[PDB]
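To keep things clear, I will list the structure first and then write my remarks on it.
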Amino acid sequence: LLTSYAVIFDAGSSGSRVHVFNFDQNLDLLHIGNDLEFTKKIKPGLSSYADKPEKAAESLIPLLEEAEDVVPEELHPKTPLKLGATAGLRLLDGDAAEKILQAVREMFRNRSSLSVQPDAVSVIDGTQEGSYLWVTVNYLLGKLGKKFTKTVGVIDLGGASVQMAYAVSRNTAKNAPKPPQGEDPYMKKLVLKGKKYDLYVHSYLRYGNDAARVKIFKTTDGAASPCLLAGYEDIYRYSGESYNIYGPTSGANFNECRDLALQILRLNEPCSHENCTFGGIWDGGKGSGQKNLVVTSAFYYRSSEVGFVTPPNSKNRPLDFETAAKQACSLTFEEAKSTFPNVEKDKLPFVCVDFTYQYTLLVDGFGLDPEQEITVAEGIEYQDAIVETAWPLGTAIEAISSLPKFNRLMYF
Ligand SMILES: [Mn+2]
């Protein structure tokens, strides 16, 4: 049987992450050491070098060298290498994101020993990003090739954007409205293990967790934020901008903080085609494709640090996020430090604002039922190993499914 490794970089908003996978001729994963995935990451991301694109590309070299050392030397020249940048670069002002990508593909050309195609490096669309992760989760859960009603939908809360993506009926596809704005179309048509799927996919730029914070902080810009704790003041920098932020002397307030999160969503935008989520964006119908959700990335990190989410994934309910928020916003900054010792020091001030936003996004934003069961994940146990629940596996499956004489497990 023909074999192939794939190296896939996810250039996210707050970090860059290389994934290395290995596949047989059927697009079934193969081991690398004890594992089914090798991945490492670095912070900060590409967007943090908006002024110095050459240095953005150099930041990735450690990762590239690590991944090359993993793929056997004789196999380098025929091993695809891809990089997909997401909402971080999507928020840059334009000349700058292309200048970064140019440096990256020069570096790949000048320094990689792997296979670099003319499409290797790009800022991928939100819809592809949603879709790739959908593939990732449903592959890993073996729900792939089944009727759309037996597949799992996904919500990816990255730092700068959030994607919703779930499978949908020929019917809801046929009648999907034209997108508004400014906005990518709602449907993506793909074939996965011999069956055609019609994915609803939307990406909401600036509604990622970190970007959402900023929207919240701006609604009190002269003043104290109800989402922040007593004792706490600093300048918060995000996407080229500084904000002077601080908690009230009387302390955080869950309800007031909740109001700001709802306000940021613009839930009362005109909705040109019902039913909407927020900002006049069509929900895609909310059929059986979406009854079961796997929820990832920032829904995982802080939750697992305070401990109510469990590795590599766990069953939860949206209200789990409301109860964590109430708990976090009941505390001073000093108290938050001692009570939540596993939260990263530079994330700790935002526990109140993060959880109340996570909650109100799931429930008010996406209309989820506070008591409905969801799964929260960094990974899914696949055979004897854990493979990460992020978009790049989907992209690796696309790339290798197109090698000559390989199974076209996915495309389009
Ligand atoms: Mn991401």
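Naming scheme: A, B, ... for chains in displayed order of the structure tokens; residues 1 onward per chain; ligands 1 onward as shown.
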Expected answer as an mmCIF file with N, CA, C and O atoms, in the first residue's frame: residues within 7 Å of ligand 1, only C-alpha atoms and all ligand atoms:
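Output contents, as saved in selection_0.cif:
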```
data_model
loop_
_atom_site.group_PDB
_atom_site.id
_atom_site.type_symbol
_atom_site.label_atom_id
_atom_site.label_comp_id
_atom_site.auth_asym_id
_atom_site.auth_seq_id
_atom_site.Cartn_x
_atom_site.Cartn_y
_atom_site.Cartn_z
ATOM 1 N N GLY A 12 -3.090 30.600 13.333
ATOM 2 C CA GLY A 12 -4.196 31.187 14.049
ATOM 3 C C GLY A 12 -3.856 32.568 14.572
ATOM 4 O O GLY A 12 -2.723 33.044 14.450
ATOM 5 N N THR A 86 -5.779 32.196 9.357
ATOM 6 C CA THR A 86 -7.189 32.381 9.613
ATOM 7 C C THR A 86 -7.471 33.822 10.096
ATOM 8 O O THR A 86 -6.955 34.757 9.502
ATOM 9 N N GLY A 158 -12.259 30.328 17.979
ATOM 10 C CA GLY A 158 -10.877 30.844 17.958
ATOM 11 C C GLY A 158 -10.818 32.208 18.594
ATOM 12 O O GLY A 158 -11.804 32.707 19.135
#
```
### Message
I need the strand (DSSP E or B) residues of region 109-164 of chain A per DSSP on the backbone, written as a PyMOL selection string.
### Response
chain A and resi 115-123+153-157+161-164
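Taking CA of residue 44 (chain A) and CA of residue 88 (chain A) as endpoints, the distance between them is 10.8 Å.
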With 12 Å as the cut-off and only C-alpha atoms counted, what is the closest atom pair between each nearby residue of region 114-209 of chain A and region 16-31 of chain A? Distances in Å to one decimal, ordered by chain and number, as CSV.
```
residue,atom,partner,partner_atom,distance
A:139,CA,A:28,CA,9.6
A:140,CA,A:29,CA,10.0
A:142,CA,A:28,CA,11.1
A:192,CA,A:27,CA,11.4
A:193,CA,A:27,CA,9.8
```
### Summary
Min atom-atom distance to residue 254 (chain A) from the set A:355, A:301, A:217, A:238, counting only C-alpha atoms, belongs to A:355
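Contact shell of residue 54 (chain A) at 12 Å (only C-alpha atoms; same-chain neighbours under 2 positions omitted): residues 46, 49, 50, 51, 52, 56, 57, 58, 59, 60, 61, 96, 97, 98, 99, 100, 101, 102, 103, 104, 105, 106 and 107 of chain A.
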Limited to C-alpha atoms, could you put the picked residues into a file as a short mmCIF file (atom, residue, chain, number, x, y, z; two decimals), in the first residue's frame?
```
data_model
loop_
_atom_site.label_atom_id
_atom_site.label_comp_id
_atom_site.auth_asym_id
_atom_site.auth_seq_id
_atom_site.Cartn_x
_atom_site.Cartn_y
_atom_site.Cartn_z
CA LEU A 46 1.74 35.65 12.36
CA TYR A 49 4.46 40.61 13.16
CA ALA A 50 2.33 42.74 10.85
CA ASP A 51 5.24 45.22 10.49
CA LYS A 52 7.99 42.66 10.03
CA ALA A 56 6.77 36.41 10.80
CA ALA A 57 8.03 33.70 8.44
CA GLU A 58 11.14 33.06 10.59
CA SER A 59 9.00 32.45 13.64
CA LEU A 60 7.74 29.29 11.82
CA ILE A 61 11.18 27.74 11.17
CA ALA A 96 0.09 43.40 5.31
CA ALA A 97 -1.47 39.95 5.30
CA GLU A 98 -0.33 39.29 1.70
CA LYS A 99 3.19 40.58 2.60
CA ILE A 100 3.29 38.03 5.46
CA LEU A 101 2.11 35.21 3.22
CA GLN A 102 4.78 36.20 0.66
CA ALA A 103 7.52 35.89 3.22
CA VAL A 104 6.12 32.54 4.36
CA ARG A 105 6.11 31.01 0.90
CA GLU A 106 9.62 32.32 0.20
CA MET A 107 10.81 30.70 3.40
#
```
### Message
Can you pull out the residues contacting region 112-116 of chain A? Cut-off 6 Å, using only C-alpha atoms, and skip same-chain residues under 2 positions away; I want them as a ChimeraX atom specification.
### Response
/A:76-81,108,120
Just to be explicit: take each residue in the selection above, keep C-alpha atoms, and write the result as a PDB file, in the first residue's frame.
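Heads up, here's the output in result.pdb:
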```pdb
ATOM      1  CA  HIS A  76      10.464  14.765   2.220  1.00  0.00           C
ATOM      2  CA  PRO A  77      10.360  15.731  -1.464  1.00  0.00           C
ATOM      3  CA  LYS A  78       6.892  14.109  -1.988  1.00  0.00           C
ATOM      4  CA  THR A  79       5.307  15.200   1.338  1.00  0.00           C
ATOM      5  CA  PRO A  80       2.798  18.059   0.907  1.00  0.00           C
ATOM      6  CA  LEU A  81       3.314  21.161   3.020  1.00  0.00           C
ATOM      7  CA  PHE A 108       9.012  27.427   2.476  1.00  0.00           C
ATOM      8  CA  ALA A 120       0.431  25.823  -0.391  1.00  0.00           C
TER       9      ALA A 120
END
```
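By chain and then residue number, the residues within 10 Å of region 176-178 of chain A are residues 171, 172, 173, 174, 180, 181, 183, 184, 185, 186, 187, 200, 272, 273, 274, 282, 284 and 285 of chain A, counting only C-alpha atoms and disregarding those fewer than 2 positions away in sequence.
Taking only C-alpha atoms into account, residue 219 (chain A) lies nearest to A:262 out of the set A:262, A:135, A:409, A:362.
With only C-alpha atoms as the atoms that count, the residue of A:163, A:314, A:110, A:242 with the shortest distance to residue 205 (chain A) is A:163.
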### Query
Can you list, as a ChimeraX atom specification, every protein, DNA or RNA residue that comes within 6 Å of region 122-127 of chain A when you count only C-alpha atoms, leaving out same-chain residues fewer than 5 positions away?
/A:84-86,201-203
Write a file of the selected residues as an mmCIF file, in the first residue's frame, keeping N, CA, C and O atoms.
```
data_model
loop_
_atom_site.group_PDB
_atom_site.id
_atom_site.type_symbol
_atom_site.label_atom_id
_atom_site.label_comp_id
_atom_site.auth_asym_id
_atom_site.auth_seq_id
_atom_site.Cartn_x
_atom_site.Cartn_y
_atom_site.Cartn_z
ATOM 1 N N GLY A 84 -2.380 27.465 6.368
ATOM 2 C CA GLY A 84 -3.613 28.240 6.237
ATOM 3 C C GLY A 84 -3.683 29.223 7.389
ATOM 4 O O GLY A 84 -3.704 28.845 8.550
ATOM 5 N N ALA A 85 -3.681 30.498 7.068
ATOM 6 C CA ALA A 85 -3.844 31.543 8.065
ATOM 7 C C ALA A 85 -5.331 31.817 8.164
ATOM 8 O O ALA A 85 -6.053 31.718 7.161
ATOM 9 N N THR A 86 -5.779 32.196 9.357
ATOM 10 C CA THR A 86 -7.189 32.381 9.613
ATOM 11 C C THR A 86 -7.471 33.822 10.096
ATOM 12 O O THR A 86 -6.955 34.757 9.502
ATOM 13 N N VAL A 201 -22.252 26.620 6.779
ATOM 14 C CA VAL A 201 -21.038 27.075 7.426
ATOM 15 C C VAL A 201 -21.089 28.590 7.472
ATOM 16 O O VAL A 201 -21.294 29.239 6.454
ATOM 17 N N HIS A 202 -20.869 29.167 8.635
ATOM 18 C CA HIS A 202 -20.637 30.609 8.705
ATOM 19 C C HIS A 202 -19.505 30.918 9.677
ATOM 20 O O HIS A 202 -19.290 30.192 10.655
ATOM 21 N N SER A 203 -18.768 31.981 9.355
ATOM 22 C CA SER A 203 -17.700 32.477 10.181
ATOM 23 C C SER A 203 -18.014 33.899 10.532
ATOM 24 O O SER A 203 -18.294 34.684 9.649
#
```
#### Entry: Nearest to residue 352 (chain A) by atom-to-atom distance, counting only C-alpha atoms, from A:131, A:330, A:3, A:175
A:330
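Distances to residue 4 (chain A) were evaluated for A:368, A:406, A:411, A:302 using only C-alpha atoms, and the minimum falls at A:406.
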